[PDB]
Amino acid sequence: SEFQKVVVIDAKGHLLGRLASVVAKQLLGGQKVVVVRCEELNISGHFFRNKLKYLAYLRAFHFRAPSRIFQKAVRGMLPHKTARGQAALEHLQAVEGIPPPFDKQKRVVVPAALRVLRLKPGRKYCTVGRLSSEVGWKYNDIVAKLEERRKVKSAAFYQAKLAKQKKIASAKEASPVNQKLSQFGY
Amino acid sequence: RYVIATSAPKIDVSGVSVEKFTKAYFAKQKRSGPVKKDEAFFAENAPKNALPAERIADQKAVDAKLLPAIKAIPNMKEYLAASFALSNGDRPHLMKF
Amino acid sequence: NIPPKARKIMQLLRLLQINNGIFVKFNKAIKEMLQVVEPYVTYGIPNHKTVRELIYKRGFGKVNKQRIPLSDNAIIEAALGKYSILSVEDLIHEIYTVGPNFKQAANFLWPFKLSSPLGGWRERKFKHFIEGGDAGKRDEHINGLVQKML
Amino acid sequence: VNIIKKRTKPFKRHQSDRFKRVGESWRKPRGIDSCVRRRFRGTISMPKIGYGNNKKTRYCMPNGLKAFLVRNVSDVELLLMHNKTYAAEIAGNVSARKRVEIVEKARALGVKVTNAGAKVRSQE
Amino acid sequence: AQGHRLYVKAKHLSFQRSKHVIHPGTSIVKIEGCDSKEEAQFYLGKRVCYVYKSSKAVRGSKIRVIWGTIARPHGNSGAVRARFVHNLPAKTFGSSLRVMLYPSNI
Amino acid sequence: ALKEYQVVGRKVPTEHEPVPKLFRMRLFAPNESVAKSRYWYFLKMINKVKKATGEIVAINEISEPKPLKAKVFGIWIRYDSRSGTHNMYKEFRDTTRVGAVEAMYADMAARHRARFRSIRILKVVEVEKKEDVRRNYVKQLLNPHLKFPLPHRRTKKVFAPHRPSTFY
RNA sequence: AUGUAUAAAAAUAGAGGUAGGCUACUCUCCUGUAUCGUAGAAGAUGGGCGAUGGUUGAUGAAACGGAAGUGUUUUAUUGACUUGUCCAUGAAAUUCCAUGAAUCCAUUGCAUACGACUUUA
RNA sequence: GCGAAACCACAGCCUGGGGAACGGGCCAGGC
RNA sequence: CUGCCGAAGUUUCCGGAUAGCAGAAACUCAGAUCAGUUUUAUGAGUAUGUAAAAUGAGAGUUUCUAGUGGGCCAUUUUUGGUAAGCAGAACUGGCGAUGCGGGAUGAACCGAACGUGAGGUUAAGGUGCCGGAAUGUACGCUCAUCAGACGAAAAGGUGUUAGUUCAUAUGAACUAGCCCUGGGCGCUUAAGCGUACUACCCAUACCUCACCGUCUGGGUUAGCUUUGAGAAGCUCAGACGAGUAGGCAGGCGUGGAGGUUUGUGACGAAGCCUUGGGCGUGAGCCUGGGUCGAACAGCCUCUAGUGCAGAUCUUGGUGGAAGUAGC
RNA sequence: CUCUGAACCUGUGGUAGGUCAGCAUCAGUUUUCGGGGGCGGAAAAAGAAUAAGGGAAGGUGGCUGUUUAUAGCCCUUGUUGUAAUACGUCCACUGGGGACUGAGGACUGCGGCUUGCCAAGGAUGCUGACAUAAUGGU
């Protein structure tokens, strides 16, 4: 449906293949896509299954960061040999965690890629950041530490916004104009 | 084809005569004028156009017979003053005019 | 990739092109002649609308070895007046009811050059109609297919 | 009546852009193992009679007229009755003494000239 | 603030192509906000344009427009087929478009 | 969509037999063309009666008398496989006898990779009595305390703003 | 460019808000087709009434924001705008779409295919 | 300082598959 | 240069004479015959041949005259085989003369056979992204820690899924399916597999139209003010369009000759140059500008030392190797 | 006298071509939404309403067993009825939206209305702007 000039996507609980396919199609549509929390990406299958899949890949440059793992999946779904697919890649920014510039921006999700809406209950799935922890990535511990720090600050902002929202909500019914002409569904 | 007809309440127009509005009434004035050689032909001291008071005279009548009609119903005067525009998330096929 | 035995038979039915259609007289000789070319043709019982609409939109007479459309009753009368056929509804009546002059009425018509079916065929086209395809005898379902080709 | 051209690009000889010794003028490829002769995908087109243009508008210039080569005033007078179908075209070897007299004669005859302003200047 | 925007935003996706053959005469346009072929029927026949800019200025204006018209829907997802007066360049894939509300039948 | 067709057929009369025997069959087919063809397969398969020596005298589609009342249907089939000889009995719960056969054709194709041609349904009978049910799942469906959580439905409108509720 | 408008987290197979004193509450979810914003010659000129508030610009600012803080607020004063409710004029004939250091250098050996290398200078 | 000649369709990273060699041109991947 | 026809690649006797295939001419015919046709029935042994109903097409010649006078693969039939494979013949078409959509790719596989185009609709195959098209619906099966997706392979499984049957809620024996063991990115209540139903994608294929050409069938003179008689013209209609060898027709260009244009030219012939313009399906032709300096062309006919990318071609010029080897 | 659209004055009279656009009314092709109606199907099956009878349930009341209660369900007839709907089929029944084409060039014809008129042997109207750029080409 409606689009935006730049899109920030929260990759928590999103399947790797499903999200990458939607992102790759959006990149070829000229949109600018920024994917945050790339280390919480989920892949269907046992963590043993993906460990050997990555270990087989280890046996070019074998990138270990979860963000570069996601970029590899997106890269394969683009015509990177041509200029059109080259420009699409430069319009994508995959990062782990939520950096400050995208910290205070709305983060949308893709229901077609969400694990809960796409994976059978009880199925074993592995987290990309957790999977990448035993392949060479050594920043998982600190990335989590900033994440809780960001969550505390984000929660404090939400309480301030919620407390402020209570003021307009209380004053919403105070004005008689709301009740007088609420026949329009508003 | 270049008009969207909104479902706003109708306006009383039976009170204003519209027989004078023909094809020739709106027709562009014929490009004429036997300009002799030189002066405006060469020196370019061309004349200018201006709407005659006759068009304004008929116009002054139609709002006289229409303004009370739009004032009778609420918001009509403010409605016609505003200019329609499309906001974010507006789907023309879905939302009704 | 048509075997010569079936190739000859379809030439005797004037079906030299894909999607072409003709009217035949369902008798003993035609029955098992169609059985040879079952994988390559489909057929069925046309109702009144199928015979009427095909004649009106795709009706073309064979006037002096030429494909002349039936845009005038004088075209049919000049070529089938010997058999008391004078108009287009008389041509339709002879075809639909299979009258005594069906051979001349059917042979007067050029084979109906139909278009591809709107909406397409089934997913597999060259399986038999009973098995889930489009080939072979299909009874009254020929009308629903002709309606797609007009 | 509008002139329709089935094609505007010329038919170049195959491999004429790789060698200077092979000219651009169209030559039918006689090679049996040539991809151009067998008309594969991506191979160039060949002159076929299907590209032939409408008979009514054949030889017609984009302005709707047919060129008529003129070498003197006597040639241009032939177009007295055919001035709406033909345009006078003065030959390249006709001198400027005769080009001016052809253009003045073609003016009274109501005949378009395709190259009327050649080898001359003006003096108002 | 609030601009004018008497049009609908749209994107140029690709040409009418098979796997290996392209047809630049027809372009596939995604009118964003339209999600099915039935919804696409509203926008059939509307005037679509590609507004771009060139560094050289003509008549004191640096904006050039290629006009087109939506012909028919394409697929089940509301994408439409548009034919322009000049075939759209291949480099305008993913570029924005403007779908007017005229000609109107509402 | 399958349809239950009642097909009655008999051989053409001849000098040897003045009046022929009448054979009636109930079988499921999408259109009457398939039902007539399948019916001729069974008679040849069974009575060894030639199609060319017989004819179809009556064809009739049968609708469900009580399509608004849930029932249990017992279905017997014959399987043509690599071995080419098998027979199984299955039970399904639904409201339409045709619906059971469509569901029946689903599980054989899903499990045994079977086809429509191979299966020849001998008999379909409604099992009204609860005790006669031989299948545990139907028995579980017949308890007075039927109440279970929702099976997951895994439902353009891309880029949702908020996390979906994905709950009751 | 054409509103280049929107910051919880979290489960989902339950969560959040709301409230009482983690134990007992309640309500909402079932997406954003939401919310904010939006009227004026793209938005004129005055008269107002009514807010006497709101919308903000301008600078003078302090606080917060490491991560990639580079932006969030708090304002202080002033400048205007205000369609909040109304009026009086004005914008058109375009009279049917086109819009100063460093290097080389000398020195240098601490170095060794060659520069490089290495201080001094 | 004076100064050739052989040779010269064009080219010049790999990995596989591509049935006829196919790798140097082709197809999917890396560079 | 264009257009129209167009094989055979092999019977048979034996390098061949035949024939076949493909054309030319003259004949006689549509009230006559014919067919990689289907029947009917007679017989004979489900088939068989013969004789006489349907369907389609107007048919039969006679004469002489080019080329072919290899096979590959595939289908079926096959006889023996025999580590197993396979081999051997025969049967039949396709390619060989043939592009196009799909098949990742590929010459044998699936569709489809070709004038130039606009629009529509499909085939085969497809619709997560690369990629045009449903991250469609409704059921199920599958968890792999090598699935799947496109021979050790038999079987085993404290492996499942549905389970059936038999024993007394359980257990045993079994019934199958799938897994384990024995094009890319990625997918796992699928973007896997099986079934059913809608929608959608696009070939040179199909339909409608326009245009080109060919073939075929007509019309057209007391040449009527419709004037449209270069009768070698004009005009109407329908069908058709791959193509090697080969057959046939019409055109483009070059040197010279007869005739002609009461032809072009120092106010600039010919030639050459040009991201100038135009005409023709094409060979080619016309033209603007620049350069240039003395001749030259269109039309009818005649004529020939008449058209080049190749011949380890001939002559001349000139390059990269190379400022290299080197002296 | 006639003629010279003959020169000029006076006309301030009229009528005004090429490229690109917009719309309307049509014709050919096509695609996509509807509305109404006839007929067929067990003259749909259901079902509601509905006067009864019988039965059992995964059992209401009474009390797992039980039989309409202090809920009801199933079967059969009856039932309004000539029901409705779905599906199939048909209408020379009708209302919109979109796209691509405009070949031909006096009149002939076949038809429909009422000499004339017409959607009937192939596109014409009404406008503009730019033209002195757009349209194109290289």
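As recorded in the entry header, the structure was determined using cryo-EM to a resolution of 3.0 Å.

**Student:** For the overall build of chain B, give the residues involved together with the corresponding values.
**Tutor:** Tallying secondary structure elements over chain B gives 3 helices and 0 strands in all. For chain B, the N- to C-terminal ordering of α and β elements is α-α-α. A compact globule built from 97 residues would reach a C-alpha radius of gyration of about 13 Å, whereas chain B, at 21 Å, exceeds it by more than 25%. The C-alpha extent of chain B, read off along each of the three principal axes, is 60 × 40 × 20 Å. Burial analysis of chain B (97 residues in total) assigns 10% to the buried set. If you average the places of the 17 positive and of the 10 negative side-chain charges in chain B, the two averages end up 5 Å apart.

**Student:** Describe the interface of chain E and chain B, naming the residues involved and giving the relevant values.
**Tutor:** The interface of chain E with chain B comprises 20 residues on the first partner and 16 residues on the second. Here chain E packs against chain B, burying approximately 1,500 Å² in sum over the two surfaces, 56% of which is carbon and sulfur. Between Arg91(B) and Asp35(E) there is a salt bridge, with its nearest N and O atoms 3.7 Å apart. At the boundary of chain E with chain B, the tally comes to 6 residue pairs in polar contact. Split by residue class, the side of chain E that touches chain B holds 10 nonpolar, 6 polar and 4 charged.

**Student:** So what about the side chain of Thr57(D)? Which residues, and what values?
**Tutor:** All names here are of chain D. Structurally, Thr57 is set in the loop between helix 1 (35–38) and strand 1 (66–70). Residue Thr57 is classed as buried on the basis of its relative accessible area, which comes to 8%. Contacts of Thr57, omitting those with residues within four sequence positions, involve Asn2, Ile3, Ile4 and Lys66.

**Student:** Break down helix 1 (residues 4–12) of chain C for me, citing the residues and quoting the values.
**Tutor:** All names here are of chain C. Of the residues making up helix 1, those classed as buried are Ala6, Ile9 and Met10. Take helix 1 and look down its axis: the buried residues cluster within an arc of 95 degrees, on one side only. Opposite the buried face of helix 1, at more than 90 degrees from it, the exposed residues are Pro4, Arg7, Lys8 and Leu12. In this structure, the buried side of helix 1 is in contact with helix 2 (28–36). Positive phi appears at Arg14, one or two residues downstream of helix 1, with a value of about 60 degrees.

**Student:** Provide a residue-level description of the packing of aromatic side chains, including the pertinent values.
**Tutor:** Tallying each qualifying case throughout the model produces 18 aromatic pairs over all chains. With a centroid separation of 5.8 Å and 80 degrees between ring planes, the pair formed by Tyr41(F) and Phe42(F) is classed as edge-to-face. According to the relative accessible area criterion, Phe42(F) is buried, its value standing at 11%. Of note, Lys72(A) hangs over the ring of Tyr57(A), and the distance from its end group to the ring centre comes to 5.6 Å. Its end group placed over the ring of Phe42(E), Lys46(E) keeps NZ or CZ at 4.8 Å from the ring centre.

**Student:** Summarise the protein's contact with RNA strand J; cite the residues concerned and give the values.
**Tutor:** Residues in close proximity to RNA strand J total 41 residues, the closest being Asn47(C), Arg59(E), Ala71(E), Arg83(E) and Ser63(F). What you see for RNA strand J is that sugar and phosphate hold 74% of its atoms within 4 Å of the protein. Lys49(C) places a side-chain nitrogen or oxygen 3.2 Å from a phosphate oxygen of RNA strand J. Those elements giving two or more residues to the surface near RNA strand J turn out to be helix 3 (48–58) of chain C, strand 3 (47–58) and strand 4 (61–74) of chain E together with strand 3 (54–62) of chain F. Considered class by class, the residues forming the surface near RNA strand J number 15 nonpolar, 9 polar and 17 charged.

**Student:** If you had to explain the sheet that holds strand 4 (residues 71–79) of chain F to someone new, which residues and values would you point to?
**Tutor:** Residue and element names in this part refer to chain F. Ordered in space as 5-4-6, the 3 strands form an open sheet in which the pairing is antiparallel. The sheet is open, and its two edges are formed by strand 5 (86–94) and strand 6 (123–126), each paired on a single side. Adjacent strand axes in the sheet meet at a mean angle of 20 degrees, parallel and antiparallel pairs treated alike. As judged from the 9 bridges shared by strand 4 and strand 5, these two strands associate in the antiparallel manner. Bridged to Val72 within strand 5 is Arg93.

Cut-offs applied
Residues numbered from 1 in each chain as written, not as in the entry; some residues may be left out. Chains lettered and ligands numbered in written order. Part of a larger assembly, values for the part shown. Heavy atoms only, no water. Helix = DSSP H or I, 4+ residues; strand = E, 2+ residues; numbered from the N terminus. Rg over C-alpha atoms; globule rule 2.2 N^0.38 Å. Buried < 20%, exposed > 50% of the residue type's maximum accessible area, 1.4 Å probe, protein only. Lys, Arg positive; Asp, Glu negative; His and termini not counted. Charge placed at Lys NZ, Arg CZ, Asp CG, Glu CD. Contact = heavy atoms within 4.5 Å. Buried area = accessible area lost by both parts, 1.4 Å probe. Salt bridge = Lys/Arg side-chain N within 4 Å of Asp/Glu carboxyl O. Polar contact = N/O pair within 3.5 Å; in protein donor to acceptor, adjacent residues only side chain to side chain. Nonpolar A, V, L, I, M, F, W, Y, C, P; charged D, E, K, R; others polar. Arc of directions from axis to C-beta. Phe/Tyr/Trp six-rings, centres within 6.5 Å; stacked < 30°, edge-to-face > 60°. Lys NZ or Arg CZ within 6 Å of the ring centre and 35° of its normal. Near = heavy atom within 4 Å. Pairing = 2+ DSSP bridges. Axes fitted to C-alpha atoms, helices over the stretch in contact; angles between N-to-C directions.

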